[PDB]
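We name chains A, B, ... by the order of the sequence lines, and we start the count at 1 in each one. FYI, side chains are in, hydrogens and waters are out, and symmetry mates aren't considered; it's all heavy atoms of this structure.
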Amino acid sequence: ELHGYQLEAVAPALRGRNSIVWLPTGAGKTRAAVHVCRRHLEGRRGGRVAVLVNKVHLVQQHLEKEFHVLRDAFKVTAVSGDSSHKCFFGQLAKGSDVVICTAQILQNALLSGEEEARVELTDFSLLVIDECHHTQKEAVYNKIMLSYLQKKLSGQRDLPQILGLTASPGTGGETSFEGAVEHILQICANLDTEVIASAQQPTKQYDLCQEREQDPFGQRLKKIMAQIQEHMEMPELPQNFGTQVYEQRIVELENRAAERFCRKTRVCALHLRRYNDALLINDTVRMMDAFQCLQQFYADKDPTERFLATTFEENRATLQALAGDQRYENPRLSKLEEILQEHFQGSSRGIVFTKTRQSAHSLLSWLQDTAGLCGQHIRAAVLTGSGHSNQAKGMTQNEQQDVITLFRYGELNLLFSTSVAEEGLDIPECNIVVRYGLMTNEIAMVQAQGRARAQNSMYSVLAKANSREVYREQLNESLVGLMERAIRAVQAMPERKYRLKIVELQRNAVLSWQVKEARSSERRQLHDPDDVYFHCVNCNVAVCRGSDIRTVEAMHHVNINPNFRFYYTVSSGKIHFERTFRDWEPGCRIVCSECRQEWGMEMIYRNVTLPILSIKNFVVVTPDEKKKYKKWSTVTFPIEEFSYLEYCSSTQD
RNA sequence: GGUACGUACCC
RNA sequence: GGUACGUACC
Ligand SMILES: Nc1ncnc2c1ncn2[C@@H]1O[C@H](COP(=O)(O)OP(=O)(O)O)[C@@H](O)[C@H]1O
Ligand code: ALF
Ligand SMILES: [Mg+2]
Ligand SMILES: [Zn+2]
């Protein structure tokens, strides 16, 4: 059953050594890990395995395709975010021999204050960490492993054996041999690795496209942007319309205008960001997709707003007409059409990877409206993860699974997917991967290519000629080789030198964490919460103090002041999510009573309703400065945990 | 919707 | 120090 190379790769794990199994994409690391799990559980009494993954869909895949075979002798349980609300994790885990979950499910249990929810690392004898190259920086995998290292270095006994699985440790952005080796050693230190274990036809093509000869739609948007910038009456405004740098600079101006309460500048900047978004969409997909971006924004008075509405209305019909003209088609789409026409003339089974969820939806719509493809028997669908925004909702575990199951045997034969499916997904019949204008690291490149499991697969890079994306793809190909050299060098290192380096790196990691925690705490304690005032980002009115805020589940920032209700208005009916939570559900959206700016949403927490505030909708004012924050975790005053008991007691008075 | 982190980009 | 996107958790 197991191939020779699978047996070879797991020999250290079978002996109890912490290891990383480094085998190519599609080589069968999962089955190898199942064998380790079986022998681990057979080889002692009372063992318990946790299998950690990084994407929701991989929980069911690993269970149904691989780990379920253990149920002839052992209890195997799977948990994701979608199923979380039903059982206490600690109960479920402790009743199982093997638990399979996304890593943050385990992390939440490790951090829990509730006896029934909580688990310790010492409740497991083996941790299998899939896609273990993510065990870096402040990713969840590394939060879990840093706690392991803190416990190890303090002398804790009974920590689990570690089995990491990866095709691609990467080079961590390093382009030198010295740097790449250091990166490999860092990953080994993070995972407490004793040995990196390894073993002892697809074609790649660059499908390059040219810039559009004529782009009257884009040209008109740039003309409008210039008009809006003239209206702002400001020198030194950015001119580089239709770029990520422009986006950054205009949002930075928007944030500065919020902090200084310059309403006209802030609103103009907010609109300019939408025109820039439209230019980026126009470059990626169809003109009409870009038009719909702007039309939706203006469909959803003040002199600045009147100017901006009029400006759009004056150009709307010309823009829509241009967007219907085939003469100005996006060459990226012309190229994609050529690829699909060549390869889907039922035979093929493909994934086209795009950056954004909205792009994936737009590509499906394009496909469905393209005469030249209607006739090739293409049955396509979008696959995204559970990310969400106003631009684009996500997909639930169940929705993702439906698409995946139909794609597996060809009920669907083409997916437009985000990076949700770049790693781990196993579709043996997938024989084509197109990467549509992506800028990624070498890991994502190797992984996404690897979704084409079939013999005689093809991998297409569809990107603009002479672009940074093409340069980065070429560089990344070289970095894969560099990575391989570096891993072999680490594998060949004298044991004494390796062990000493690992020691050094683990020590550095645990010391560096302490210093970071101290710095974060110092920042958090700078101001008394009574001295911090929140202002509406839109109208600048004061609305509460820092002392009014509490956290729920260390995430949701509620205002507990009984008179805050006079400052916000309930602005919708009840919100519904797909996922249900243990102690609360959403109520309605809330907005500033003075200007209708979105602020957050109600939480119905047991028998009370509390308003949750989104940090991005405020300017935070302290005695020292006024600042727009993107994250609650960096504010300069302390916030206490919500106490439901204390809250109910104080309200009864 | 809320939160965090990763990747890309700029400083 | 920021921007965008993505995923994950809630
Ligand atoms: N020894 C084997 N014989 C036949 N098929 C195998 C063997 N080991 C694994 N497989 C299959 O190989 C495919 C790729 O395995 P997977 O574990 O997803 O690869 P990866 O190493 O990227 O995790 C799966 O369909 C799996 O069932
Ligand atoms: F390396 Al894989 F699925 F784990 F392609
Ligand atoms: Mg895998
Ligand atoms: Zn307001």
Enclosure of A:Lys516 NZ (heavy-atom neighbours >12, cutoff 6.0 Å): no

Value rounded to 0.5 Å, distance of CG in A:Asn190 from CG in A:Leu149: 7.0 Å

Check this one for me: any side-chain N or O of [X] less than 4.0 Å away from OP1 or OP2 of [N]?
| X | N | result |
| --- | --- | --- |
| A:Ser633 | B:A4 | yes |
| A:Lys630 | C:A4 | yes |
| A:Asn390 | B:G1 | yes |

For [X], answer base if it contacts any base atom (sugar-phosphate contacts may also be present), sugar-phosphate if it contacts only those atoms, and nothing otherwise; contact means non-hydrogen atoms under 4.0 Å.
| X | value |
| --- | --- |
| A:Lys616 | sugar-phosphate |
| A:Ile443 | nothing |
| A:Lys627 | sugar-phosphate |
| A:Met601 | base |
| A:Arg589 | nothing |

Find the distance [X]:[atom1] to [N]:[atom2] and express it as a whole number of Å.
| X | N | atom1 | atom2 | result |
| --- | --- | --- | --- | --- |
| A:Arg519 | C:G1 | CZ | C1' | 10 Å |
| A:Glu259 | C:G1 | CD | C1' | 12 Å |
| A:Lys631 | C:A4 | NZ | P | 12 Å |

Distance-only donor-acceptor check, side chains A:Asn538 and A:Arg596, under 3.5 Å: no

Side-chain H-bond candidate by donor/acceptor type, A:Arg260 with A:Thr265, under 3.5 Å: no

Donor/acceptor link under 3.5 angstrom from A:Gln244 side chain onto base of B:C9: no

Heavy-atom donor-acceptor pair, A:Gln248 side-chain to C:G2 base, under 3.5 Å: yes

Non-hydrogen side-chain atoms of A:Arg468 and A:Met439 separated by less than 4.5 Å: yes

Contact state string [nucleotides 5-10 of chain C, B base, S sugar-phosphate only, - no protein heavy atom under 4.0 Å]: SSBBSB

Candidates B:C10, B:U3, C:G2 - which lies nearest the side chain of A:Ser614: B:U3

Selected nucleotide, minimal atom distance to A:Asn255 side chain, candidates B:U3, B:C10, C:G2: C:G2

Partner of A:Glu423 under side-chain hydrogen bond (donor to acceptor under 3.5 Å, both in side chains), chosen from A:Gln447, A:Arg451, A:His134: A:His134

Sub-4.0 Å heavy-atom contacts from residues 465-478 of chain A onto RNA chain B, ordered by number: A:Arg468, A:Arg472

Pair A:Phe642 + A:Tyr605: ring centers closer than 6.0 Å: yes

